[PDB]
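Chemist: output the structure for:
(chains A, B, C and D, ligands or ions: 3)
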Amino acid sequence: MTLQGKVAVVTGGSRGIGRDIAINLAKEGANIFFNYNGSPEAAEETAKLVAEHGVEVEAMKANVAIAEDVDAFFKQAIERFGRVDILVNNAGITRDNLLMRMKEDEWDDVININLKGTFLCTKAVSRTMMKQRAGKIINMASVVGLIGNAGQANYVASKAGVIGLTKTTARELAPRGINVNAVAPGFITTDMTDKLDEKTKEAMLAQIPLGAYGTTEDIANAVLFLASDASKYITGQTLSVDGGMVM
Amino acid sequence: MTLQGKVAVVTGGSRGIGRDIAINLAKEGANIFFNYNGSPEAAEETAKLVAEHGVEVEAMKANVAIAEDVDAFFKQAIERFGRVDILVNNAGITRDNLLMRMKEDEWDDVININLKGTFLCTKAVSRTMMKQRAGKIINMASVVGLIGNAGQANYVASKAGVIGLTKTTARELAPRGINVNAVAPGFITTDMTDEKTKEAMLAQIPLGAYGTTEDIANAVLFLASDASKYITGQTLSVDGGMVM
Amino acid sequence: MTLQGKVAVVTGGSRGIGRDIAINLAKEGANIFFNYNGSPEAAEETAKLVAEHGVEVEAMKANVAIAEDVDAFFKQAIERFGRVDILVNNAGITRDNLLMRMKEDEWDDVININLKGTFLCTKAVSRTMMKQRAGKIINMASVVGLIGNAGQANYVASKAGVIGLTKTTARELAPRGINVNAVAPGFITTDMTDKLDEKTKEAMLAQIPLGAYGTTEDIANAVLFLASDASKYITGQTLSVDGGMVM
Amino acid sequence: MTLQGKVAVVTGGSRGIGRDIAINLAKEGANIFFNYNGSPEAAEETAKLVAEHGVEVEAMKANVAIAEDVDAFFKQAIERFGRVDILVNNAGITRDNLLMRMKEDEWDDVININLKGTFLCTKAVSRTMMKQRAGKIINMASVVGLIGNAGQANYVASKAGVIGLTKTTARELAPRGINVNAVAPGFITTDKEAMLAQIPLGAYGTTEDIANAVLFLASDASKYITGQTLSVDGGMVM
Ligand SMILES: NC(=O)c1ccc[n+]([C@@H]2O[C@H](COP(=O)([O-])OP(=O)(O)OC[C@H]3O[C@@H](n4cnc5c(N)ncnc54)[C@H](OP(=O)(O)O)[C@@H]3O)[C@@H](O)[C@H]2O)c1
Ligand SMILES: NC(=O)c1ccc[n+]([C@@H]2O[C@H](COP(=O)([O-])OP(=O)(O)OC[C@H]3O[C@@H](n4cnc5c(N)ncnc54)[C@H](OP(=O)(O)O)[C@@H]3O)[C@@H](O)[C@H]2O)c1
Ligand SMILES: NC(=O)c1ccc[n+]([C@@H]2O[C@H](COP(=O)([O-])OP(=O)(O)OC[C@H]3O[C@@H](n4cnc5c(N)ncnc54)[C@H](OP(=O)(O)O)[C@@H]3O)[C@@H](O)[C@H]2O)c1
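Modeler: Numbers count the residues shown, from 1 in each chain, chains lettered A, B, ... in the order given. Ligands and ions are numbered 1, 2, ... in the order given. See the structure here:
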């Protein structure tokens, strides 16, 4: 129970990878405060799966791209729990299109949620962590941020951006004993991959030395490592969890 | 005359590194189309220095963060020169602050000029280069995009973003023979640099000195020429050994 | 105990970081097989510390640069314990000098122990792991393998080489479900660290964002992560444990 | 003529990429001193092609894995041309095999030539370059040194090692203004379907492409670049 009584904030906790991160942290003893934006019922369900592990949990609506929402979100976290030991910046979206026809709003929305939202949530949690002289920030990037991917210029830019932001953050907060790292998932069995056709899946599997999509638990286990004392001398790093796709 | 007959578009060409890029490309025979945003007098100085090399040059006012300005800019470039063979995305700004104190405006302005502007200009030039089945795009990043830097969350995010965008662009445009690369300057002597801050910066550079705008221009020229035709999706650090 | 019943081979396990890796893996329930050279005294101390955790342990004399020694070492590991679940390639030496002054034997000795030793041990364990359709290899590199270091051309080349070899190995063994990763330590405390001049310590700590040397437990914890189910979708990676020295 | 009056030493100059590096440097006005090991007839052909550009050229037998050969090679280079301005460490071999079947000799031969050879030549040229307070060293790596490649554990280890060595050399020699960099070729056409699929540009590169990257890193055009690896691989590794 390596996180017993820690307080973890998880953005995008209402479903997918974020829900499984919340549950995994709860399994290790962390109390959870997470957000949702468009899915209230999904948040109820995360909250019940988390509560089964005997920790305290609270959900709150917040759009991470909106500074006002992010400010109220962290204020309430601190009101409820007094501290934030772990922040997981997991909220993210895709709006895939060829660069040549990519719409300005497809660009803006992905940059604003994925990159700016991570900046906003980092900014809002920074003072509490600096006063605590302790904290872990885990940003959710993607291995395509490392290598590029046709049809995803906005997403790639946002995730490469997050990796750069992770480094600056790590440099700024390191003197107060705060670890800041990123996880870079490859292709994980999720709603994203559930929508794909056989030819597309086949070509994706061919890029993975292990020959299979990862699981949400693989990603949660990386976040857990980076949220715990087991990684206390690691900062400013991106951990790729991608079956060998990017070496 | 490595670029004789070529047309190069340079964003941020009115001063500094962009001015020296434009002059260097002109010295190799390229006609230059470049933008300015708030410095018409500087733009006219650049134009004169470019024209001295025997090529044609035009400057046009445009904000690279604004989609409508970018569309008009590239429209006018094609009306003036008939084609675009080289795009150098050099326009960029900084609005430094500790991340805990960084204002939403400081974040947005830097992301929109440095990163969105590079996207918009790349998008604008892409169909033209695809039709030509030839082209070079050189994006200006920074070594702080590679390693991070305290006080520059926005700038670092934008430049690391540019590096990723460079790679996606290279992938999308490679089937039509277009090269797409990035140059990552370290500490370069300019008006902006010329404290104890300087001595601490020098201690980070194995060569022991700031670089010159000509060093950066020379990297850009290499990546814009036939000498680098099998190079794509790469970032070239021009930093005196600061980041290895 | 997350490695209950596993067998770990740790090269260089008789002292320093190697010893602390062997002890950490023993505390998670792994039986330990390790090599030594010269006097058995350090090896005797390691075996004692390991056995206090209630697992089985055997030391064997073997020089990792020597093919014959390696062959016999792995044969005896199989004879003694049945299988090899984890291999930690930690054997390593330095012979520092500026390039101008570096002797040919100083070059060869370091390349042979650090790089060739990793190759020979990897080769020796590979058929066993392939047959098992399971296994973890963790190679010990160094952050100077990533960025270079004056006076260490041989050491740097060897550890950079080890990082490349890690990637080839991961590629060749991925189809049998074997994970292969590297750990890159930064500046880690030894019992001489405290004795250094203040000027010396300050110049080293200036290069580290976290502002302190790491511990051998920090390194052992990263190895443990990479030897466990928690990292089963991670392969071909180098994990830097360096307080942010290299980002 | 960017390199008029310069003296370039090229290892592995008798064939393939090294031959074209030598020619390209000559084209820019450099005198050329290069080695061969097993191919004197190919070395004569290289020398004739270099001599077309009006520069002086000499070939000399040397195994870069042998310290005595390397010392004599560099000694003769200095005797012949007075100085060395540029060193290109291009000699290299492959001896492929799956890790589990790879022989100790296949490992040793590739490490000794590709990595130890680059160390030995770098060591030999370093004193004269330091005394000059000028020089350029370009090492030949490979993109598989960056990402790994099944069947090539020896080659990959050797080239990844060269990249690390490049960084150390760059740091040790930067105080006297010597630039040290590496070129990492992808698939280059030398003397199919699956290789091409991995290259975004959709074609193998040419020896001229590699030669042009070497020339850039050997010239004043790159004087602020050191400790870098330039991948010339049609986008294979980004
Ligand atoms: N799936 C993969 O294979 C994969 C690969 C690489 C990286 N990743 C990264 O891992 C993270 C999670 O991915 P996923 O596949 O689990 O995505 P998902 O299933 O779509 O879940 C996304 C989560 O983010 C939240 N979210 C979206 N927009 C938001 C906004 N404006 N404000 C606040 N929250 C918002 C959603 O909340 P609501 O639904 O309540 O709005 C939801 O809980 C993402 O950052 C993604 O880029 C995933
Ligand atoms: N100096 C260095 O050491 C260094 C290091 C790393 C990276 N870089 C990068 O290299 C590039 C140029 O650097 P520099 O030092 O030469 O910069 P600089 O002298 O400050 O010039 C910046 C240029 O960007 C233009 N610009 C500003 N806002 C704009 C907008 N909204 N739309 C269009 N153009 C705009 C300016 O034109 P107006 O004056 O007309 O507005 C100006 O010509 C930048 O991308 C920079 O980030 C420089
Ligand atoms: N071709 C590619 O696609 C590719 C890809 C990645 C990297 N590279 C690298 O680029 C470099 C050139 O390769 P290449 O394809 O052009 O090979 P190559 O010329 O066909 O043959 C290797 C060259 O190295 C010399 N050589 C071999 N062993 C030697 C020794 N012990 N001492 C001295 N010289 C020796 C040979 O000389 P003799 O014939 O006289 O013995 C020959 O000139 C190599 O380092 C290679 O690893 C090439």
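Chemist: in chain A, which residue sits closest to ligand 3?
Modeler: Residue of chain A nearest ligand 3, by CB to the nearest ligand atom: residue A:247 (17.1 Å). Every residue, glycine included, has its C-beta placed from N, CA and C.
Chemist: was I right to think that residue contacts residue C:181?
Modeler: No. Contact between residue A:247 and residue C:181 fails when scored by CB atoms under 8 Å: they sit 10.0 Å apart.
Chemist: each with direction, which strands does the top strand by length along chain A pair with?
Modeler: Identified as the longest strand of chain A according to DSSP state E is strand A:178-185. With DSSP bridges as the test, strand A:178-185 is paired with strand A:135-140 (parallel), strand A:238-241 (parallel).
Chemist: higher neighbour count, residue A:247 and residue C:181?
Modeler: residue C:181 (26 against 23; other CB atoms under 10 Å in any protein chain shown).
Chemist: what sits in contact with each of residue A:247 and residue C:181?
Modeler: The contact sets of residue A:247 and residue C:181 overlap at C:170, C:236, C:237 (CB atoms under 8 Å, 6 or more residues apart in numbering or on different chains).
Chemist: just want the most central residue of chain A.
Modeler: residue A:90 (2.1 Å; CA atoms, centre = their mean).
Chemist: shouldn't it be in contact with residue A:21?
Modeler: Yes. Taking CB under 8 Å as the definition, residue A:90 is a contact partner of residue A:21 at 6.2 Å.
Chemist: what residues are shared contacts of those two?
Modeler: Joint contacts of residue A:90 and residue A:21 (CB under 8 Å, 6+ apart) are A:10, A:13.
Chemist: about what we covered before: could I get the strands paired with strand A:178-185 as JSON lines with distance to ligand 2 and mean neighbour count?
Modeler: Rendered in JSON lines, the data for the strands paired with strand A:178-185 read as follows (distance: least, CB to the nearest ligand atom, whole Å; neighbours: other CB atoms under 10 Å in any protein chain shown):
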{"stretch": "strand A:135-140", "distance to ligand 2": "23", "mean neighbour count": "26"}
{"stretch": "strand A:238-241", "distance to ligand 2": "22", "mean neighbour count": "24"}
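Chemist: helices of chain A, residue ranges please.
Modeler: Here chain A has its helices, by DSSP state H, at A:16-27, A:40-51, A:67-81, A:104-110, A:117-132, A:144-147, A:153-173, A:191-194, A:198-205, A:216-227.
Chemist: so which of these is the most packed in?
Modeler: helix A:153-173 (a mean of 29; mean count of other CB atoms under 10 Å in any protein chain shown).
Chemist: now do that one and strand A:135-140, the angle between them.
Modeler: 170 degrees (axes from the mean of the first three to the mean of the last three CA atoms, to 10 degrees).
Chemist: quickly list what the closest residue in space to residue A:169 that isn't next to it in sequence is bridged to.
Modeler: Closest residue to residue A:169 apart from its sequence neighbours, by CB to CB, 6 or more residues apart in numbering or on different chains: residue A:180 at 4.6 Å. When bridges are called by DSSP bridges, residue A:180 pairs up with residue A:137.
Chemist: number of nearby residues for residue A:180?
Modeler: Residue A:180: 31 neighbours (other CB under 10 Å).
Chemist: who in chain A is up against chain C?
Modeler: Proximity of chain A to chain C, by CB under 8 Å from any CB of the partner chain, involves residues A:167, A:170-171, A:174-175, A:177, A:186, A:209-211, A:214-215, A:218, A:221-222, A:224-225, A:229-237, A:239-244, A:247.
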